[PDB]
Amino acid sequence: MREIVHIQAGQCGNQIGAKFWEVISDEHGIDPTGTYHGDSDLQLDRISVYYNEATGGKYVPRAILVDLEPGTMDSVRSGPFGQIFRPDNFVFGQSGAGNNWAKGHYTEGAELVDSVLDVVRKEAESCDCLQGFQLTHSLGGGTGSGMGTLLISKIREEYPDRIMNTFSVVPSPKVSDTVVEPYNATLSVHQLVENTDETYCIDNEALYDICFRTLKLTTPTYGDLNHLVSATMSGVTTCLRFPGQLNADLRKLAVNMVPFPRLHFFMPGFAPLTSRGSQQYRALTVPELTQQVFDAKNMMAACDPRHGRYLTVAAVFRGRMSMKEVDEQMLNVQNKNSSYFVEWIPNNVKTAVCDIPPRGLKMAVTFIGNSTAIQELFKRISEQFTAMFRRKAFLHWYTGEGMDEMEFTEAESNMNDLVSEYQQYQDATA
Amino acid sequence: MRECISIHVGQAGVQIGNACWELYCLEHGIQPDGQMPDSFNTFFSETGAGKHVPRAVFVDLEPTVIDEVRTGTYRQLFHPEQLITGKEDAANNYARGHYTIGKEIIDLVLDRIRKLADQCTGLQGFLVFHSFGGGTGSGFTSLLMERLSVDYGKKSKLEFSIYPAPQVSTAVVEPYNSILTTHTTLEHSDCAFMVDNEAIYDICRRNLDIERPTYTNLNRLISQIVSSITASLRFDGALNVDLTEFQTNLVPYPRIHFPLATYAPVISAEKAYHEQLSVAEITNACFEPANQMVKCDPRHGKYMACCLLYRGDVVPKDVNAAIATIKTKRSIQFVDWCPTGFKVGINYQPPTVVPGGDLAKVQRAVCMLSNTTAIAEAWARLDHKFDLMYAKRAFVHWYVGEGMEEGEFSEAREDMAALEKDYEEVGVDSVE
Amino acid sequence: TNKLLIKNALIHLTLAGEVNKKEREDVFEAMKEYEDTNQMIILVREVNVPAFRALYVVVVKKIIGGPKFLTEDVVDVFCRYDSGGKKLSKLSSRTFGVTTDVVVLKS
Amino acid sequence: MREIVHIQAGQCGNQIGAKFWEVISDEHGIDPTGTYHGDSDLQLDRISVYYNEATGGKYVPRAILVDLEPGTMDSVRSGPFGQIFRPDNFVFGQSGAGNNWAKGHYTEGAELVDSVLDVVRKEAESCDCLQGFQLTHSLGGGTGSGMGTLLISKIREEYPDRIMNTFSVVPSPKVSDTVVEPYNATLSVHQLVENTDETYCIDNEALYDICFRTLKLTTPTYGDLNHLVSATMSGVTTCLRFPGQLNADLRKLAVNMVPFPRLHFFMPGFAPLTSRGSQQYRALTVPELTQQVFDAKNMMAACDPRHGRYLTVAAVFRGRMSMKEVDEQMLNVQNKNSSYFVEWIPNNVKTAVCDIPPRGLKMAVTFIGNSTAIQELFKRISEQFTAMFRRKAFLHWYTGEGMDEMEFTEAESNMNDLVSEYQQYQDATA
Amino acid sequence: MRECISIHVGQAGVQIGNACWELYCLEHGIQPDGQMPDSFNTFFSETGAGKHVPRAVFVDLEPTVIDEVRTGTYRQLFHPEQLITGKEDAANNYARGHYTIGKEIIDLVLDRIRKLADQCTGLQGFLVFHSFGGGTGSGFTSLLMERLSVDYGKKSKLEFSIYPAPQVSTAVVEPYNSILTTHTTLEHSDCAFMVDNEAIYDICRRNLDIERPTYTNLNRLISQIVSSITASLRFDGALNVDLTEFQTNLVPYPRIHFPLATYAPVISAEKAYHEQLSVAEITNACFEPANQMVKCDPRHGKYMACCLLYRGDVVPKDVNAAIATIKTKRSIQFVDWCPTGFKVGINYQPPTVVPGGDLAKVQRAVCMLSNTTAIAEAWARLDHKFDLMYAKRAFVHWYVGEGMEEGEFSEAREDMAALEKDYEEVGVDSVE
């Protein structure tokens, strides 16, 4: 029970998902065809969460693949694990991406919206207990920010009492691969604090330093960046599809976490992250899988956790371990880092422990923080909005599709409170 | 001719009940199949064929933990209609265990209890295993204690609450879920036993010398305490005590009914030697500040009404001797209005070891219960953990959106604040 | 405050499609000055075939017609709109509240 | 017993008949010669509904083939399954079709009609218990509209208490293959609501898109459109000649359907309609064989079922299934399609289940709709009659055969009520 | 010396009749050939050779379903003059099963019953198996109940009418084929047993864990009920009850004679364990709302005259013990004018199982035949399904064209509306 729909949008979202469903297929033992080859029977006990059984004992993913051009969908279909999907789900358009929020939401988002949702409605009728809707987009582009911020404003029109968790790759401080991504994010932040429930703000900048310092690589391809993101993306849900000791699920990862109905921007984490040869120096114990976590070098979101404080800090452990060693370490890092937590949230660690580690490890940690450290993500983006609005450069393209000059100030007025609220609840004492 | 059913609401209640019903089949030679190669009528409505089904109702909203029971070793044991599941959990939300999902399957539960009490002519009591953490274990119990007090009312209703630890907590709304379920159950609970996790971690380290205690191992200790309370029905001794005979000795005022358990001796297998563990030695081990299974300091208060439930080869002379040593001691101070506050029961059964457990086989045991005074300082803890999260109004927006008023949060605090006054009402000396 | 749980059931289960398009566009502007009132429920012709008959508020007052005021005794069942499967979900309740959104009358 | 006569008329009907008696004769295991080769003995238990035993253990079809030229009759005779027919049946004329209603009913229809009925009478004296007359014409042409709407008014003169059921092909909305098919239709609708009982109104325009979308073909020939119609055609009578757990025949599918003696125009449907490679993704279960049925893409008559409402709904199944899975799903879809049915008809799903699937499948569903959705079929045709009658174009051929100008208003006066009644019986409540 | 015969009108009676006559051959060792390797003379006029042909008249208008019997396993059992067929069906048309086609073969039916009453000296009763769905099962029985009262008049005439469900209907003119069959047979029926198609699906789903019940399996449940009513003739019991005795205990007025059957226990093979199914337990399973085989809420009315037909090893003390619990209970409210309304029959046979059926082999059973009050709401339903379909004159043109008048449709509704006034005539309390 508790089925989950996995909608995929944008080029960045449609290339994580080709790697993401390669991750899920190896924990359950799934061939490229669709059949079963695993050893444990614990894999098929909750197989019905991402899958629909077809005739002959073949399982197909519950994934709905949205696009505006047939470019990237040709790469997924021709790639491996491309024939696992259902060939009716590949809903794509014709008029290109656009890199344009005024095009993915007002031009091509107006036609292809019902070719999506009728396939969405066909997937939801084959589900008994519908849990929630995980969406794989990115704030930078114009497909994963216009079309990906339209489906939330149409599916919560259809499903108001579910959970909507989006997995957004966030623009970096130093390098910027789009000139108008300070216009794409601030128009998408207006559409995620309306109608979502959590959002994993994953960066590109800190994702290379993990792939350079800790992992000790030389040439990080996107096949190894998304290899690292999807390891976190499957870890949030493995306490729902596998038996655990102190269980958790997507709603337990909602009420424990979110203090106020606007502050739901999470930052991920993972441990162990070994080198290829330095796995013979470090001890593989729970007090080592915790000190690796609560340092700033493990954070995938490019911000400094020591600037600003935490609110609700959950750490889903996995593998075979003992609950005293868990609760000793979750106390120990709260003694030594007590000044980095907020005063008016006591006993501020949710903890979950499952029992099925990844194939080849012995134990693994998925870290889901929450911080006031991302005030200077929004202080960074909203200023890049500001210098690109005094001269109002690049405005003669979004206006060309029919967008008003106040609507950019409306979304800027929305972020103006959200910068203040990570300052308003930072020094608020009692 | 006497029967006591057992309900397992939540997850932490159920995983203890996986370890409880493992132990009774050891103490009666019952297989996991219900086969066996008048003492066990309290927990087994037996069939004329060879099978002894237990008197248990395993209910939980999330269907994860129950499928471990339906696929485990004790699959064939339980009557399969007893095991009740649902779809969406309460998920640490009180308004999803009492207003949203609790109203759904409450009629599958009570009608199933209705078909158990008709197989009972001498119905005695209830055993509701639930923890104060989740919104299932403290949101579906508070619904269920209301309903079973409508059906029966006069019957005894024993609970076993896994206490929220003073330093270690694996939830965030856990100081909300304790004040919520107190207000509902305080007018209808009977005797709610507090067991803390953190002190069991202490006992597993010092008196047992285990550095990795799993929840396999923190439940074997609560399995012995639940067994020793119900050890007088299932057996016969020099001085027996029934479950209805708990609620008169232990509850002086109708509000203060929160006693804390203590088992002794808890020794490792290597420390079964090197000592003797006499009937006047282990009773001094009962009243330590260290060996209590709630992390409080018992020397920071008094003792209103203790209780001792021995078992094994115990001579009732030395019980009178070892008690007379205790009231002459300095640190232990009973309350001035209580003249002498003991209630001692002796059974004829040694505690049975479970294979795999690291507890040493001894000749005798004691399951100390004590309605003590100073636990309200730890009730003062769960309001300072409430006030700092109610002033800034955090986490309220999940309750209100699932059928729960705003006015029912400072209301239940004052009712909790009224429960704080009664312990200090006890500790005074009403002279003349 | 359950405006989303009722508007979804107006145009997917009770009055959906091209037939009664003139009918359900009436009941949007009728409740536009409303919905500051907390909850609104509908009347349903039968629990087997849910057809729309009357639109209510929760203060039980009819705005577009059965009875102007209902009692608790003449209510057959209390139905919940299953959002995940666009169907009805029965309840064990007999009073009103946040959970109930769809009522069916007796005869 | 319960013998049925199968009369064919027009070019469009006479090429279904080359395919229909290939659809039929492969179920009963009939060679091109006329003998038996099947395995099950259930086939020959009811072989006499369509056949006659001849000398040597040979079975020949009860079909009567009518034409005004030896063109298409030579094609069916020279084609495969052409030598199975009794060669006295081939009654054909000389003057050609004419594409002219005034010629096939007043000029050529008045000569060859008695040379048809004497072969009909020879085929009806060889039947013990005559059931009815399934007739294969089309409203578009001139042979199958002048002659096909004459045997209605001549064989019911001979058999006034049987069931008369025509299998017509209706002109499409977008493409038109006859310029005077707005005159061939309205002259035939006048003759259909006089002396018939039902008419499976099948379009071409919706029949192409199913060959493109759901079947997923590339080049649909008429050998693959009539392959899909005649698959539906055998499913109506398959409960009259095979043992079913819930029996229906050509009177139970007549009394349960028709509410009023004029509103008897149906619209078929079929499931499963797989693809060639997508037959490994959908589960072949009764909750899946119904959700394919009640979507608008599967309706072969080119109109929208969401426009207008249903009156009675049949659903003839085949295969070996269970009556709870049926009766759950006939309840389940009437919940989620409640506004699309009419109010003053309760329990409006007639259901029958046979036990012989088609040769090679496992289970199949034949849908028989009856709706007010076909109000804009007649609104479409009677408007094309209206503009072509104001300027009185193409009139100097029908008038040239002696037909009166009032009779074109008479037949238009007959359809004026029938358009109104689907509007009249829509919002009439109680 | 006591012989009852059976008629199978329609199709829904004929395929139930394949489940009855298969089942009688198991309870007597009868082969399908009539061979066998003394009280079975109630159903089998035997031959001087080894063969026991049954007492059954299979009338049918269409030759479809009879050819399954003429070619099936029980081909050799029946006399081929019994198996009466015809050419064309009525096809859900009352004027084609009572006026047009049913007029033809009626002199082959009654003349065949004529030759079976002469093989009998102790003729007992009639068993017409039919349904209310079609116009064959409810249009030809209405013809045939008229005729067998002209022949005899003073014999018991039991039907078993398969009822049209409030949830599921596989016809369109089905509320036209039920009001017409009431008026014709109401003055000449004796006691018509209501059995619903819907409620067997829930009993196949919940209590049996079958998710795919076929029409093979809905007739096995109606096989044991018909085998329970006629259990007192074919076997010797403690307290037997003959078919002439049912019409006096159960029929309070010359109108209200519609009992709904209920069988218990109904369990899966895996749940034959885990419980004991005592007579004090399985009697409470009779009076559940969740076990009634006609879908009404029986807690929305009363009970005029219940009747319990026990069988198997049943102690007649415990019958009195289990019943004395029931009249003390709260929900089960009988009628004020009926003092105590039971008629208990204990027989000496276990409920025999058919090979292939998914019912467990239990040691005891009960076929409750409860003439309740609240079923009139289900008779109030099939007038609201008449009124909306007759103001618009829907489907009338098939009846008028085959010998039926317009005046005989608002006539029989008022007769049905008179039958609905009589249940509220029961529900009053004529005080003082």
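The first chain written gets the first letter, and so on, giving A, B, C, D and E; residue counts start at 1 in each chain.
The working rule: contacts are C-beta pairs under 8 Å (C-beta built on N, C-alpha and C of every residue); 3 or more make two chains touch, one makes a residue touch a chain.
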| item | value |
| --- | --- |
| Starting at subunit D, fewest touch steps before arriving at subunit E | 1 |
| Greatest separation from subunit B - chain, by CA centre | D |
| Most centrally placed chain - per-chain CA mean versus overall CA mean | C |
| Contact-richer chain pair (by C-beta pairs counted) among B-C and A-B | A-B |
| Subunit A and subunit B: spacing of chain centres that average the CA atoms, whole Å | 41 |
| Subunit C-subunit D separation of Cα centroids, rounded to whole Å | 42 |
| Centre distance in Å when subunit A and subunit C are each reduced to the mean of their C-alpha atoms | 37 |
| Residues of subunit C engaged with two or more neighbouring chains | 48 |
| Set of subunit E residues in contact with two or more other chains | 167 |
| Where subunit A touches two or more other chains at once, by residue number | 125, 129 |
| In the complex with subunit B, residue positions of subunit E that touch it | 270-271, 273-276, 281, 284 |
| Footprint of subunit D on subunit C - complex, ascending | 12-20, 45, 48-52, 86-88 |
| Residues of subunit B defined as touching subunit A within the complex | 11, 62-65, 67-68, 71, 87-89, 91-93, 167-175, 201, 204-205, 211-215, 218, 385, 388-389, 391-392, 394-395, 397-398 |
| Contact footprint of subunit D on subunit A as seen in their complex | 34, 52-56, 58, 60, 86-88, 122, 125 |
| Subunit C residues within the subunit B interface of the complex | 91-93, 97-99 |
